[PDB]
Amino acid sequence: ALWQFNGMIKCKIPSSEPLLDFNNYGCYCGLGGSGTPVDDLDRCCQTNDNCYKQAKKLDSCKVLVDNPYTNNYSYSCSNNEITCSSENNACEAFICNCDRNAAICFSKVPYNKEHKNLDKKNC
C-alpha cells in the first residue's frame, strides 16, 4: 500500500517526504505514466509502474479486494535497510518487492528539480 511505500522510501532517504518529493515527478512518478522517462529517477518509477502491472497479472492478486496502492503488506526498516516479511502472501510479497526495489532505486539516482511537476506534453 502507498503507506508502506512511503515508509520504505524514507527508510532509504531519511530526509524526504516521499509522497511529496516523489509524486508528480517526470513522466512516471505518480499516478499513471507514459512516454519516455526523462531521467534515471523517472525510469525507477517506470520500472515500479511495470512491476505493479505484472502484479495485476498474477492469479494471486486477482483474488484480492485491494489494489497495489491500498493492498497492505508487511516489511521492516532497520538501519535504513528494507526487509519484506515472509508473512506476506504471494500478491503482497510481489508488491513489497516492487516497492523495495523502487525505494532503493530512488536513493541511488540524481534528483532533478527541473522534472518536478513536469508538463505532461513532454510525455
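A residue's number is simply how far along the shown sequence it sits, counting from 1.
Mean CA temperature factor from the deposited coordinates, higher in 42 to 50 or in 58 to 66?
Mean B over CA atoms: larger for 58 to 66.
Higher-B stretch (mean Cα B-factor, as the entry records it), 96 to 104 or 15 to 23:
Higher mean C-alpha B-factor in the PDB entry: 15 to 23.
Residue 90's Cα B-factor: lowest, middle or highest third of the chain?
Middle third of the chain for residue 90's C-alpha B-factor.
For residue 83, the third of its chain into which the C-alpha B factor falls:
Lowest third of the chain for residue 83's C-alpha B-factor.
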